[PDB]
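# The sequence isn't on hand, but the structure is:
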RNA sequence: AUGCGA
Ligand SMILES: [Zn+2]
């Protein structure tokens, strides 16, 4: 249900997904403070 | 005075060796199968309580 | 890794596991939220089972 | 005569006799020594709700646990029975 | 209070530890399966419910 | 510290994190009416230093993430301004031990 | 993980858990023909033999106290206050 | 999973720390019953001195470090004898020294009751043959350890 | 599983 059937990608913004991968990567190492600090990186 | 039929005295059982379940290799159950009494969950908990982990293992 | 606050094998504690499950849950909420595609903008069919 | 062995013999001493200690769960040497098997199986506990349609059923073509090491038998063709009845 | 109602004595070390375990996450972390989820031992999870 | 009178809109709440080199805290003007830190059930919370934290984590040989947790939205965490990772020393009087010192990590 | 002996910070006393395990393992070794360092003085139970050895610190065992970090302190019987 | 680490902290078998001390005193319930029965210990003093004779052990530990912290803490405690005005300059003695290693690291609640006993019973210390609140206090600290 | 000793 989460995929796109015409492109075969996830319907979430690619950069937003990459943000999610980043958070879960930081939580493999359990770096929580940085996991929350990640949201601030903005332009 | 009346003698109750439950002479569980006669119902004693001991197993120092016996049959095993084929799927587990653990003592069968039941006096007539020379089965072994169960160490239930609470008795395990109690043996950990005592710290007697080599007795529990 | 410089600070030894983790290791090559990762870092694992009850709280890290908790933050992971919370994250994965909200993540599942975002994945389900999109009612049309974003990368492709396409309208996926509704899936029933 | 027939022979002994159609199951086990004590490879230790050359004593081809076997004991059953049902209290032990042990198959042992009738004359000599040791454990012929530590493993002992099928004398279930108090839990046979019998849901099992257990369609199998013995019929002497899958042999048997051989729980008698005592043997003599003979070669058979396959169920004398009809020749017996004849 | 619950034990005092039955005039049972129980050392505070027991209750106070139990409470500390209920707050291990900073919340009111019950002892059912739900609270068990966040603990790290997977077999303990398997072996409860 | 920003004391609102009734509410702040979530759109402004997207501004709350928006100036990194600085913290903004939103507070209910009605919810500040009482100092929870004066309440008889609330032991003394003392903010630990970076060095007091490093020492504590050394004496007990453990990671920060292995300490007992205090939620970032815990009223006391909001009172002390607890940052993430911050350890607080809790001096509590026990009905049996007297003064008893515990700790909590803010995550 | 090796906490240096000069740095050992733990209880000078043997816990009942320590005493129990030491006596069990050492008894078992003596029962497997480990060299006895004390007069058997008639005894036949290996466990009481191990108790005699503990009373004389003849046990040649060392306790590895674990810390949840993984650092440990290697303590001899001959030093940890038996009781 | 919940047990006592060798550092006296209660950690689970995971390693997650639950309490920095057991009940905050590191006291065994199976011991406590008389740990606060001072007068009883006193009338049977010589027997307990024969059990817990310290001269065997006075070589394995420190009898001052905790006692010295007891001196500074006794200062702040006599100065601060309201709750939120805590001893922030002095943690309890149990925070600063392993109670099994420096005789005297004891709960301030236990210390307080013990001293209050010694003051309210100075007259038994004026009825004894050969006992003093320094040797008796030494005994009660050693029983506590 | 139903009845029952503890
Ligand atoms: Zn798509």
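Now that the structure is in, tell me what you want to look at. Residues are numbered from 1 along each chain as shown, chains lettered A, B, ... in the order given.

# Which single residue of chain D ends up nearest chain B?
Of all residues in chain D, residue D:45 sits closest to chain B, at 2.2 Å by CB to the nearest CB. Every residue, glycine included, has its C-beta placed from N, CA and C.

# Hmm, that residue is touching residue B:31, no?
No: applying CB atoms under 8 Å, one finds residue D:45 not in contact with residue B:31, separated by 10.8 Å.

# For residue G:59, which residues are in contact?
Residues near residue G:59 by CB atoms under 8 Å, 6 or more residues apart in numbering or on different chains: G:22, G:26, G:50, G:53, G:77, G:78.

# Find the pair from those residues with maximum spatial separation.
Using CB to CB, the pair of the contacts of residue G:59 lying farthest apart is G:50 and G:78, separated by 14.6 Å.

# out of those two, which sits in the busier spot?
Legend: neighbour count by other CB atoms under 10 Å in any protein chain shown for residue G:50 and residue G:78, higher for residue G:50 (25 against 13).

# ranges for the helices of chain F?
Secondary structure of chain F, counting by DSSP state H: helices at F:10-13, F:50-59, F:75-80.

# Now look at stretch B:40-56 and say if it contacts chain G.
Yes: on the criterion CB under 8 Å from any CB of the partner chain, stretch B:40-56 is in touch with chain G at B:51, B:54.

# And the contacts of that stretch?
Applying CB under 8 Å, 6+ apart, the contact partners of stretch B:40-56 are G:16, G:17, G:21, G:24.

# ok, 7 Å please
Stretch B:40-56 is touched from outside by G:17, G:21, G:24, with contacts defined as CB atoms under 7 Å, 6 or more residues apart in numbering or on different chains.

# so which residue of chain A comes closest to chain D?
For chain A, CB to the nearest CB, closest residue to chain D: residue A:1, 37.8 Å.

# Tell me which helix or strand the residue located most distally from the centre of chain E sits in.
Distance from the centre of chain E peaks at residue E:7, with 22.2 Å (CA atoms, centre = their mean). In this structure, residue E:7 is located outside every helix and strand according to DSSP states H and E.

# From residue H:23, how far out is it?
22 Å (CB to CB, to the nearest Å).

# can you check residue G:17 too?
In this view, residue G:17 and residue H:23 are 19 Å apart by CB to CB.

# Which stretches in chain C count as helices?
Under the criterion DSSP H, helices of chain C are mapped to C:14-33.

# Kindly apply the preceding question to chain B instead.
Secondary structure of chain B (DSSP H): helices at B:41-49, B:53-56.

# okay, now the residue of chain C found nearest chain E: neighbour count?
Closest approach between chain C and chain E, counting by CB to the nearest CB: residue C:18, at 4.4 Å. Neighbourhood size, residue C:18 [other CB under 10 Å]: 21.

# how near is it to residue E:29?
10 Å.

# Single out the most deeply packed of the helices of chain F.
Comparing these by mean neighbour count (mean count of other CB atoms under 10 Å in any protein chain shown), helix F:75-80 ranks first with a mean of 17.

# for that one, the distance to its chain's centre please.
4 Å (CA atoms, centre = their mean, to the nearest Å).

# Dump the helices of chain B to a markdown table, plus distance to residue A:23 and mean neighbour count.
Listed next are these as a markdown table, based on distance: least, CB to CB, whole Å; neighbours: other CB atoms under 10 Å in any protein chain shown:
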| stretch | distance to residue A:23 | mean neighbour count |
| --- | --- | --- |
| helix B:41-49 | 38 | 12 |
| helix B:53-56 | 40 | 12 |
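
# need the ones you listed in TSV with distance to residue F:57, can you?
Listed next are the helices of chain B as TSV, based on distance: least, CB to CB, whole Å:
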stretch	distance to residue F:57
helix B:41-49	30
helix B:53-56	30
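
# so what's the residue in chain C positioned nearest to chain B up against?
Closest residue of chain C to chain B, CB to the nearest CB: residue C:14 (20.7 Å). Counting by CB under 7 Å, 6+ apart, residue C:14 touches E:38, E:39, E:40, H:14, H:16.

# what about it, distance to chain G?
13 Å (CB to the nearest CB, to the nearest Å).

# try residue C:36
On the measure of CB to the nearest CB, residue C:36 and chain G end up 51 Å apart.

# what's the neighbour count on the closest residue to that residue other than its chain neighbours?
Leaving out its chain neighbours, the residue that sits closest to residue C:36 by CB to CB, 6 or more residues apart in numbering or on different chains is residue C:43, at 5.3 Å. Neighbour count for residue C:43, taken as other CB under 10 Å: 12.

# try residue H:30
Residue H:30: 6 neighbours (other CB under 10 Å).

# quick one: buried residues of the helix or strand containing it?
If you go by DSSP H and E, residue H:30 is part of helix H:29-35. Residues of helix H:29-35 classed as buried: H:32, H:35 (neighbour count, 16 or more other CB atoms under 10 Å in any protein chain shown).

# contact partners of that helix?
Identification of contacts with helix H:29-35 by CB under 7 Å, 6+ apart yields E:11, E:13, H:27, H:40, H:41, H:143, H:144.

# swap the cut-off to 8 Å and go again
Under CB under 8 Å, 6+ apart, the answer for helix H:29-35 is E:11, E:13, H:27, H:40, H:41, H:110, H:143, H:144.

# Any chance of JSON lines for these, columns secondary structure, neighbour count and distance to residue A:43?
JSON lines is the format used below for the contacts of helix H:29-35 (DSSP: H, G, I helix; E, B strand; the rest coil; neighbours: other CB atoms under 10 Å in any protein chain shown; distance: CB to CB, whole Å):
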{"residue": "E:11", "secondary structure": "coil", "neighbour count": "13", "distance to residue A:43": "59"}
{"residue": "E:13", "secondary structure": "helix", "neighbour count": "22", "distance to residue A:43": "55"}
{"residue": "H:27", "secondary structure": "coil", "neighbour count": "22", "distance to residue A:43": "59"}
{"residue": "H:40", "secondary structure": "helix", "neighbour count": "11", "distance to residue A:43": "75"}
{"residue": "H:41", "secondary structure": "helix", "neighbour count": "18", "distance to residue A:43": "73"}
{"residue": "H:110", "secondary structure": "helix", "neighbour count": "21", "distance to residue A:43": "60"}
{"residue": "H:143", "secondary structure": "helix", "neighbour count": "15", "distance to residue A:43": "68"}
{"residue": "H:144", "secondary structure": "helix", "neighbour count": "23", "distance to residue A:43": "62"}
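
# Those also near chain F: which ones?
E:11, E:13, H:110.

# In TSV: the residues you listed, plus distance to chain C.
Formatted as TSV, the ones next to chain F among the contacts of helix H:29-35 follow (distance: CB to the nearest CB, whole Å):
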residue	distance to chain C
E:11	26
E:13	23
H:110	33
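
# that older thread, of all the helices of chain F, which one comes closest to chain B?
The nearest among these, by CB to the nearest CB, is helix F:50-59 at 25.8 Å.

# And chain G, is the closest one touching that?
No: residues of helix F:50-59 contacting chain G under CB under 8 Å from any CB: none, with a closest distance of 9.3 Å.

# Which strands or helices does that helix pack on?
For helix F:50-59, the contact count by 3 or more CB pairs under 8 Å, 6 or more residues apart in numbering or on different chains; DSSP states H and E identifies strand F:87-94 as packing neighbours.

# buried ones in the strand it packs on?
Across strand F:87-94, burial judged by 16+ other CB under 10 Å covers F:87, F:88, F:89, F:90, F:91, F:92, F:94.

# Go ahead and name everything in contact with it.
With CB under 8 Å, 6+ apart as the test, strand F:87-94 has contacts from E:12, E:16, F:43-48, F:52-53, F:56, F:64, F:67, F:70, F:76, F:80, F:82, F:99-106, H:23-24, H:83, H:86-88, H:91, H:109.

# That strand pairs with which strands?
Under the criterion DSSP bridges, strand F:87-94 sits next to strand F:44-47 (antiparallel), strand F:98-106 (antiparallel) in its sheet.

# So which bits of the shortest one are buried?
Residues of strand F:44-47 classed as buried by neighbour count (16+ other CB under 10 Å): F:44, F:45, F:46.
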